[PDB]
Each structure stands twice: as C-alpha cells, then as structure tokens.
2 protein chains.
Amino acid sequence: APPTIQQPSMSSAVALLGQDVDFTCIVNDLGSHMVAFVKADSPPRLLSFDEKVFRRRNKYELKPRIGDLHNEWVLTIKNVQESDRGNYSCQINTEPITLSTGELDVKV
Amino acid sequence: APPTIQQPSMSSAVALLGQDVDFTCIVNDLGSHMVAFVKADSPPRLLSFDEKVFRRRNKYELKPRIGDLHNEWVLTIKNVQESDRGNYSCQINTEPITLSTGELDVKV
Ligand SMILES: *[C@@H]1O[C@H](CO)[C@@H](O)[C@H](O)[C@H]1NC(C)=O
Ligand SMILES: *[C@@H]1O[C@H](CO)[C@@H](O)[C@H](O)[C@H]1NC(C)=O
C-alpha cells in the first residue's frame, strides 16, 4: 500500500490572537517516506521536515510519529497572530505526492 | 556572521518545453543551517531539503554544496513543462529567515 492520509487530517481551525492551534496529519502506510509541513505564502515556508521543525522552535512544535500507531504528526502553531493566517499542508514524498491542507482563520 | 545569499542567486529564467533549467542559491556563512528549495504553488511543494531531493529524482536534481567554496546549491528542473511555471525559492533556517526567489517562465 502507498502512504495515505487518514481523514480527518489537517482540519481547518479558527483562533484568537495568542491562542495555540494544532494541525494533525495522520499517515497510514508511511513506510520510509518523509513528511513535511509547509505554509502556503509568497514565498511558502517550510515548517518541518521529517522529525524536526525547520526553525523557530518556540513558535512551531512538532510531535512526530505519535499516537497509538506512531503515525500521527501534530504541528502546533503557538501564540497565533494575524501573520499565521493561511493554509497549512502536510505532504509526503510519494510519487505521486500525497498531501492534505487546512486553513487557519485568525480573529482579532 | 549570519548566513547570507550571495547575489546573483535564484535568477529568473525562461525555457521552452523540454529544456532543462537551473536555479542556483549561493550561501555565504551557512554554518550548520539547512537549505531548502520550494516551489510557490497552492499548495507549495518542497523540492529539496539539505542535500537530498524530496521526490522525483528524475525530474529535479540537486547538486548541494558544490562550487569552489562548497557553498553553491544548484537545483535543476529537467524537461520543463507548463506545470513547472512559477516561483522557486531557496530558504535557510535562520532566525530571521534568509531566502531568495526567482521565476521560471515557460514558452510553448
Ligand atoms: C486557502 O486555500 C483555499 C482553497 O482551498 C482558499 O480559498 C483560501 O483563500 C486560502 N486561504 C488563504 C489564502 O488565506
Ligand atoms: C512570482 O512572484 C512574482 C512576485 O515576485 C509575481 O509577480 C509572479 O506572478 C509570480 N509568478 C507566478 C505566480 O507564476
């Protein structure tokens, strides 16, 4: 079986300023494939690769390979701000690609 | 010194269908920081992380840490197609971030 993303994954969310929000990507049959979290933006921002956050460890947290099956990948956006509004995706390096996207709406 | 991107890096380019095109990111003072190449799209696509292409090794090639200074990172897009049009960025996990973007125009 190829990797698939179990649903619900990457559910859209809303938040007030300062609230913490999680996006969860649950991957079935990941095997040796890699998971990356990205924010859609111009330019986009890599947020995590495999088991490590790319940068800003106090802003983004990644709990990779958790859950009962070691197959839940939870990205936390801490202290949400207006600049965090937008679309977050988790993507797996399959051919063809496998991905799931959800929106963060920020209320002031 | 923090990482910086030497200019010219990530120069815009044009191509006919089937042509190969390179984007080069030349990083001064990279240290232990990581380089990622991303395509802006909805959703964006991670193309490479550190020294390895994310996926589609026959489509994207990465020559990481080449040049005289071992500080040129060259991403090749092989066999350019209409779907390859858009903005390619290299980004380094500094705080704050360091990045450079160039456009690929595809002619039919
Ligand atoms: C996120 O993507 C949806 C399409 O799935 C789009 O309608 C929405 O505007 C995007 N959110 C942004 C750009 O903040
Ligand atoms: C790439 O980004 C530039 C802004 O720097 C924008 O004008 C252009 O439309 C983009 N190219 C696309 C979306 O193909």
Side-chain angles (χ1 to χ4, degrees), chain A residues 1-13 21-51 53-56 59-77 84 86-104, chain B residues 23 34-51 53-56 58-62 64 73 75-79 81 83-93 97 99:
Chain A
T4 52
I5 292 169
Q6 174 162 315
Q7 291 299 334
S9 279
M10 306 300 292
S11 295
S12 294
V21 173
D22 289 347
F23 286 97
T24 303
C25 188
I26 301 176
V27 186
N28 291 330
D29 303 304
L30 181 69
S32 57
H33 287 93
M34 294 285 101
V35 177
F37 282 81
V38 178
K39 196 196 174 188
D41 254 334
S42 290
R45 293 302 188 83
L46 180 65
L47 306 178
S48 64
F49 181 78
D50 195 18
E51 293 179 24
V53 174
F54 191 50
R55 48 191 296 272
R56 300 182 67 192
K59 177 63 176 187
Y60 297 109
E61 304 186 353
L62 176 71
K63 290 186 294 280
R65 295 184 187 279
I66 66 161
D68 287 4
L69 293 176
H70 300 354
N71 70 338
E72 314 189 12
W73 298 71
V74 182
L75 178 75
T76 299
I77 305 130
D84 298 312
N87 279 307
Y88 291 77
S89 75
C90 76
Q91 68 190 63
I92 314 163
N93 62 350
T94 53
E95 289 160 16
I97 197 162
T98 303
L99 66 87
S100 186
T101 304
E103 194 155 5
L104 176 58
Chain B
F23 286 97
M34 294 285 101
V35 177
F37 282 81
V38 178
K39 196 196 174 188
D41 254 334
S42 290
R45 293 302 188 83
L46 180 65
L47 306 178
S48 64
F49 181 78
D50 195 18
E51 293 179 24
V53 174
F54 191 50
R55 48 191 296 272
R56 300 182 67 192
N58 294 325
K59 177 63 176 187
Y60 297 109
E61 304 186 353
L62 176 71
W73 298 71
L75 178 75
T76 299
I77 305 130
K78 299 284 286 179
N79 185 30
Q81 298 294 315
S83 50
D84 298 312
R85 285 181 179 116
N87 279 307
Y88 291 77
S89 75
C90 76
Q91 68 190 63
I92 314 163
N93 62 350
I97 197 162
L99 66 87

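Lettering of chains follows the sequences in order, A, B, ..., and the numbering in each one begins at 1. We use all heavy atoms of the structure for the numbers below, so side chains are in, but hydrogens, waters and symmetry mates are not.
A:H33 is not listed as a side-chain neighbour of A:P2, based on a closest heavy-atom distance of 4.5 Å or more. Between A:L75 and A:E61, every side-chain heavy-atom pair lies at or beyond the 4.5 Å cut-off. A:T76 has its side chain within reach of A:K63: a pair of non-hydrogen atoms, C-beta onward, lies under 4.5 Å apart. No side-chain heavy atom of A:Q91 sits less than 4.5 Å from a side-chain heavy atom of A:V35. Inter-residue side-chain proximity for A:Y60 and A:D84 is flagged as met; some heavy-atom pair is nearer than 4.5 Å. Using a 4.5 Å heavy-atom threshold, the side chains of A:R65 and A:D50 count as touching.
Between A:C90 and A:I5, the shortest heavy-atom distance links the atoms SG-CD1, 3.9 Å. Nearest heavy-atom pair, B:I97 versus B:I92, reported as atom, atom and distance to 0.1 Å: CG1-O, 3.3 Å. Across all their heavy atoms, B:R55 and B:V53 have their closest contact at O-CG1, 3.0 Å.
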Please tabulate, for the side chains in residues 37-45 of chain A, all donor-acceptor contacts under 3.5 angstrom to protein atoms that are two or more places apart in sequence or on a different chain.
unit_1 : atom_1 : unit_2 : atom_2 : d
A:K39  : NZ     : A:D41  : OD2    : 2.9
A:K39  : NZ     : A:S83  : O      : 2.9
A:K39  : NZ     : A:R85  : O      : 2.9

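At distances below 3.5 Å, at least one donor-acceptor pair connects side-chain atoms of A:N71 with backbone N or O atoms of A:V27. Side-chain atoms of A:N93 come within 3.5 Å of backbone atoms of B:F54 as a donor-acceptor pair (strictly under, hydrogens ignored). A donor-acceptor pair under 3.5 Å is formed between the side chain of A:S12 and the backbone N or O of A:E103. A:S9 places a side-chain N or O within donor-acceptor distance of the main-chain N or O of A:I26, the cut-off being under 3.5 Å.
For B:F23, the ring pair (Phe, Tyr, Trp, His ring centres under 6.0 Å) partners are B:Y88, not counting sequence neighbours.
Separating the CG atom in B:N58 from the CD atom in A:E95 is a distance of 8.0 Å, to the nearest 0.5 Å. Considering NZ of B:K78 and CZ of B:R56, their distance stands at 13.0 Å, rounded to 0.5 Å. The line from CG of A:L30 to NE2 of A:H70 is 13.5 Å long, rounded to the nearest 0.5 Å.
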